[PDB]
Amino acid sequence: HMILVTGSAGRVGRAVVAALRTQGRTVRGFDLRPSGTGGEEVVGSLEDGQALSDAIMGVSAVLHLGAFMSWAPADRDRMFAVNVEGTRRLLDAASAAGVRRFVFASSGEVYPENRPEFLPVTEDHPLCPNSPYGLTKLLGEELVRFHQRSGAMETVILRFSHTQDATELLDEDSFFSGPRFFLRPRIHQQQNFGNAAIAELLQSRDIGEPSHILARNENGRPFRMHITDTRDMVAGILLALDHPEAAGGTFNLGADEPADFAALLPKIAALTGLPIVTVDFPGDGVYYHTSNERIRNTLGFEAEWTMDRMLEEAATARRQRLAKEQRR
């Protein structure tokens, strides 16, 4: 046996590789960057046929987590090249090599979660993406479904929750959680995205010291979304790899309940000591519940990392960081 994990230098991919190696399993990574773990890995691109053939040699299962995201139109061609064409060729190569199971990392942006037709969002919700990234994942799902119906290779489609390492949650410098929960990092993120109207609104709400942000929509409805610990995503991915009943399946993978920002921000602020600034953003905002009932019932998935557990760990990490910075 040999398991190929693409995107093995990324958040989830590295954790999946690590888990498999603690099991003593033979794993090969495949990522544009080295992982820095010094494990067996191809350092190369999903765009390159040579890298694909090298990566697939002798492989019995593929966990396809490698993908590219960008908001810049300059990068859109690359996003389709990596996410659509790369997935297409990797699927064909895996099938030709007699791979037994191919697990595809999809996203709730295929629905999209940011514009649900009903709640909770189940796997049979329409697939009507409104972002180019969501569109690439939908096209990827269709490539996977084509193989599911036509070859001996088993497939699993997993629609990922937004995923964080617990320690990222209370780190101003984290890529997602910094702007998600801290006002000044969000000002900076929005400026760098070039969203001037939002950036200026955020700056206008600054209270003269660092603060948390509690994001709500134009009607003052607090944001709500699934934030899932990397460790639970890993557990579900391992189930997708090994469980008999995963074959041919499509599953939302994420924690049971969304974080309600109205409840969550006070809990966060109780841990950091920072004041909270509430901002009403234009539009519907982010407000979704995504059902993980199918994966719970079909594969026996159970998430263990509740937001309360994640926050406790995030806080410990933050305090260690601040102790070091302040020489305490």
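Start at 1 with the first residue shown and count on from there.
> Which has the higher mean CA temperature factor in the PDB entry, 284 to 292 or 64 to 72?
Stretch with the greater average CA B-factor: 64 to 72.
> Going by the average Cα B-factor in the PDB entry, point out whether 261 to 269 or 45 to 53 comes out higher.
For C-alpha atoms only, the mean B-factor is higher in 45 to 53.
> Could you check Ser177, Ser161, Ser131, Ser204 and tell me which one carries the biggest Cα B-factor in the deposited entry?
Spelled out: the listed residue with the top C-alpha B-factor is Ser204.
> Between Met307, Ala315, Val17, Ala9, let me know which has the highest C-alpha B-factor in the entry?
In this record, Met307 carries the highest C-alpha B-factor of the candidates.
> C-alpha B factor of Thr136, ranked within the chain: lowest, middle or highest third?
Within its chain, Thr136 is a lowest-third residue by C-alpha B-factor, going by the deposited values.
> Determine, from the deposited record, the chain-internal third of the Cα B-factor for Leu241: lowest, middle or highest.
CA B-factor rank for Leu241: middle third.
> Lowest, middle or highest third of the chain for the C-alpha temperature factor of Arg319?
According to the entry, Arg319 has a C-alpha B-factor in the chain's lowest third.
> Where does the C-alpha B-factor of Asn217 rank in its chain, lowest, middle or highest third?
For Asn217, the deposited C-alpha B-factor lands in the middle third.
> Taking the C-alpha B-factors as the PDB entry records them, is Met233 in the lowest, middle or highest third of its chain?
Tercile = lowest for this residue's CA B-factor.
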